[PDB]
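One structure is given here, and the rest of the page talks about it.
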Amino acid sequence: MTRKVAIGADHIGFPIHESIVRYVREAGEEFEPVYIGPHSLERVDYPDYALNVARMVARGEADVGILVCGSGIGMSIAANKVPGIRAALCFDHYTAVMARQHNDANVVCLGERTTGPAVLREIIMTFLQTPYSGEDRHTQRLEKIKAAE
Amino acid sequence: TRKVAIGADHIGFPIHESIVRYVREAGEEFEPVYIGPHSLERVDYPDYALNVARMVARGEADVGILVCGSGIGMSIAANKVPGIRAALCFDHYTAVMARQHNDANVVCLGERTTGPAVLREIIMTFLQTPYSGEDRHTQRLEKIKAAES
Amino acid sequence: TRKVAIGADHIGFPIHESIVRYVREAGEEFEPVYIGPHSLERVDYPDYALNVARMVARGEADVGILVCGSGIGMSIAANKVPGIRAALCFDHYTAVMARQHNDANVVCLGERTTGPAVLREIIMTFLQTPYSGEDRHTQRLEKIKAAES
Amino acid sequence: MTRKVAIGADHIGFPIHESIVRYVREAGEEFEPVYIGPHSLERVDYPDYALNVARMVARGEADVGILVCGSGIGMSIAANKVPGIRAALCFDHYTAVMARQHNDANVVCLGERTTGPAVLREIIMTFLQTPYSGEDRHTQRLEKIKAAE
C-alpha cells in the first residue's frame with residue numbers, strides 16, 4: 001500500500017520544502033514523501049531536480065512527483081520532457097482535480113512565489129486523492145501524447 | 001512580423017475569435033494563424049497541441065497559443081515536442097515570468113478557468129514580453145534541451 | 001428552501017443564465033431569484049449590489065450572488081449594508097473559507113476574471129458549505145456588527 | 001509628497017508583515033509604510049486591525065491602507081463598514097488595476113494563505129501606482145456607494 005511521492009525543488013522552492021513534505025504525509029495514510037533536494041539556499045538549476053524526480057516516477061521508483069520552483073512553469077516544461085511523465089502546473093483545487101481526472105497527471109508543479117501555503121496544501125491533497133476518470137475519450141487523448149514521445 | 005499559431009479543442013473553440021483579436025491587440029507585428037478546430041465537434045487536444053508545437057519548433061511560426069478547458073493537457077502535449085517551452089499561464093505574473101525566465105514559445109490557457117479580460121492580459125503580456133537574456137536562465141534552458149535527446 | 005438573490009451589472013449580464021443554472025445544480029433546496037439587469041443596457045453595479053444586499057439583510061432572501069467584471073465593486077457596495085458579509089471569491093479555497101470563517105451571506109464574482117467552471121465551483125461550494133460554528137470566528141463577526149452602528 | 005500607507009494584519013498575516021512593509025517602501029519614492037500591528041503570533045481579531053487602518057485612512061491620517069489576513073475576505077468585509085472606505089480584495093495584477101482604475105479603492109486586502117509573495121508584491125506595487133480613471137461613469141457609481149453609507 002505505500003505510495004512514495006518524490007519531491008524536488010530549486011533554491012526558490014527550497015524555503016518551503018518542509019511544508020510540502022507535511023502536506024504529502026497528511027494527505028492520506030499510504031503517501032510517503034522523499035525530498036530529493038536541494039539542501040540549501042545555494043542557487044541551483046531547476047531542470048536537474050525536475051529531471052531527477054520525473055525519471056524516478058517514470059522508472060517506478062516513486063508513484064507521484066511534486067516539483068516546486070518560483071512559478072511552477074520551468075518544472076512543468078522540464079519534467080514533461082521525460083517519456084511516461086504527465087506534469088501538470090496547478091494553481092487551485094479545480095486544476096488539481098482536472099489534472100488527475102482528465103490528464104492522469106503523475107507530477108504536479110507548483111509556484112512558491114505565486115501560490116500561498118493553504119492553496120499549495122489543498123492542491124497537493126486534491127492531486128494525491130483524486131483518481132483518474134478511466135474514460136475512453138481521455139485515454140485516447142493520453143495515447144496520442146504517448147505516440148508523440 | 002511574428003506569426004502566432006493558435007490552436008484549441010472543442011472546449012476552447014467557443015472563444016477562439018476573442019483569442020485571435022487579443023493577438024492583434026498585442027501589436028501590429030503579430031499575425032494570428034488559427035489552425036483549428038473550426039467547429040463545435042469533439043476533438044482531441046493533443047492533435048492541435050502537437051500541430052501548433054511542431055510549427056513553432058520547425059520555425060513555421062514564431063509563437064504558439066493553445067486553449068483547452070484548463071491549459072494543462074495542452075501544456076503536457078506541447079512540451080513533448082523538442083525545442084518547445086510551453087507555459088501554462090493564469091495571470092500577469094506568470095505570463096511575464098514564462099517569457100523572462102523560461103523564454104516560453106507556447107502559452108497554454110484555460111477557457112474554463114480563466115476569465116476573458118485575464119486571458120487577454122496574459123496573451124498581450126506573453127507576446128510583448130522579452131526574454132531577460134540572463135545567462136543563468138540560459139544554462140537552465142540548455143539543460144532542458146539536453147534532456148530532449 | 002433557501003432563496004438566492006442574484007444580481008449583476010451589464011458586464012455580468014451575459015453570463016447570468018449560467019449563474020442561475022449553477023445555483024440549481026448546487027441542490028434542490030436552492031431557489032434562484034435573479035433581480036436584474038434584464039438587458040445589455042449599461043447600468044450601475046451599486047444599484048444591483050445594494051438591492052441584493054438589502055434583500056438578504058432584511059431576510060427577503062437567504063443568500064446573495066453578485067456578478068460584475070471583477071467582483072470588487074459588488075463587494076464594496078454590498079458590504080455597506082448592515083448585516084451583510086459579502087465575500088469576493090475566486091477559487092474553491094476562498095469559497096470554503098468565506099463560509100466557514102466569515103459566514104459570508106453574499107458571494108461576489110468576476111465575469112472578466114474567473115472562467116465558467118470555476119464560477120460554477122465557487123457558487124456550488126459557497127451554497128453547500130456551512131459556517132464552522134467556532135466561537136473565535138463568532139466574536140470576530142460580532143466585532144464587525146458592532147462597527148456597523 | 002509623502003504618502004503614508006497604514007498596514008494591518010492578524011496573527012495569520014503577522015509572519016509576512018515585514019515583506020509587506022518593504023513592498024510598500026519600494027513601490028515608489030513617496031510611499032512610507034506604518035505597520036499598526038499585531039506584534040506577535042498571539043491570536044487576535046482581524047476586525048480590530050481592519051477598523052483601525054480603515055479609520056486612519058478615512059480620517060486622512062494615512063492615504064492608503066493594506067490589510068492582510070488568511071484570505072483577505074474578513075479584512076475587506078470589516079474595512080468596508082467604515083464610511084469613506086473602498087476596500088478591495090485583490091489576488092492578481094488585473095484586480096489591483098481595476099480596484100484603482102474603476103473603484104478608486106483606498107484599501108487593499110490580501111490573503112497570506114492564498115497568494116504567494118511575488119504576487120503580493122506585484123499587487124501592492126500596482127495598487128499604489130495605478131491612478132483612478134477620473135471618469136464620470138465610475139464616479140457616478142462611487143457616489144451611489146457613498147449615498148448608501
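Neighbour counts run over all protein chains shown; Cβ positions are idealised from the backbone, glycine included. Bear in mind these aren't lab numbers, they're just calculated from the coordinates by the rules spelled out.
Numerical summary
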| item | result |
| --- | --- |
| Filter pass, C:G83 being in contact (Cβ under 8 Å) with a residue 60 or more places away in the chain, away from chain A (no Cβ under 14 Å) and either buried (at least 22 other Cβ atoms within 10 Å of the Cβ) or on the phi > 0 side of the Ramachandran plot (or both) | yes |
| Criterion violated by D:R141 - all others in (1) in contact with a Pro (Cβ under 7 Å, 6 or more places away or on another chain); (2) on the phi > 0 side of the Ramachandran plot satisfied | (2) |
| Residue within the stretch A:19-37 that is closer than 24 Å to B:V106 by Cα and either of a type in the set (F, W, Y) or more than 14 Å from the chain's Cα centre (by Cα) (or both) present | no |
| Extreme residue, farthest from A:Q129 (Cα to Cα), among residues of the stretch A:19-31 that are buried (at least 18 other Cβ atoms within 10 Å of the Cβ) and of a type in the set (V, I, T) | A:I20 |
| Single unsatisfied condition, C:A78 versus (1) surrounded by fewer than 24 Cβ atoms within 10 Å (Cβ to Cβ); (2) away from chain A (no Cβ under 14 Å) | (1) |
| Residue ID - surrounded by the fewest Cβ atoms within 10 Å (Cβ to Cβ), chosen from residues in the stretch B:19-28 that are in contact with a helix residue (DSSP H, G or I) (Cβ under 9 Å, 6 or more places away or on another chain) and not aliphatic (A, V, I, L, M) | B:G27 |
| Residue in the stretch B:98-113 that is in contact (Cβ under 8 Å) with a residue 40 or more places away in the chain and within 14 Å of chain D (Cβ to nearest Cβ) present | yes |
| Exclusive hit being over 20 Å from C:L141 (Cβ atoms), acidic (D, E), in contact with a strand residue (DSSP E or B) (Cβ under 6 Å, 6 or more places away or on another chain) and crowded, with 20+ Cβ neighbours inside 10 Å, set C:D9, C:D91 | C:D9 |
| Qualifying residue in the stretch B:123-139 (condition: within 14 Å of chain D (Cβ to nearest Cβ), closer than 19 Å to B:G73 by Cβ and without any contact (Cβ under 8 Å) to a residue 60 or more places away in the chain) | no |
| Tally of residues being more than 13 Å from chain B (Cβ to nearest Cβ) and under 12 Å from the mean Cα position of the chain (by Cα) across the stretch D:91-126 | 10 |
| For A:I16: the one exception among (1) in a helix (DSSP H, G or I); (2) in contact (Cβ under 8 Å) with a residue 60 or more places away in the chain; (3) touching a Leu at 6+ places or on another chain (Cβ under 6 Å) | (3) |
| Residue count for the stretch A:71-124, restricted to those that are without any contact (Cβ under 8 Å) to a residue 40 or more places away in the chain and either aromatic (F, W, Y) or at positive phi (or both) | 3 |
| Only one of A:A50, A:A105, A:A58, A:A54 that is in contact with a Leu (Cβ under 7 Å, 6 or more places away or on another chain), farther than 22 Å from D:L120 by Cβ and not acidic (D, E) | A:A50 |
| Positions within the stretch D:1-18 being surrounded by 15 or more Cβ atoms within 10 Å (Cβ to Cβ) and over 14 Å from the mean Cα position of the chain (by Cα), in sequence order | D:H11, D:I12, D:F14, D:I16 |
| Residue match in the stretch A:54-65 (condition: over 14 Å from A:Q129 (Cβ atoms), under 12 Å from the mean Cα position of the chain (by Cα) and within 13 Å of another protein chain (Cβ to nearest Cβ)) | yes |
| Subset of the stretch C:100-149 [among the acidic types (D, E) and more than 25 Å from B:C89 (Cβ to Cβ)] | C:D103, C:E134, C:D135, C:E142, C:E148 |
| Those residues of the stretch C:20-51 which are touching a residue at least 40 places away in the same chain (Cβ under 8 Å) and within 13 Å of chain D (Cβ to nearest Cβ), in sequence order | C:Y48, C:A49, C:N51 |
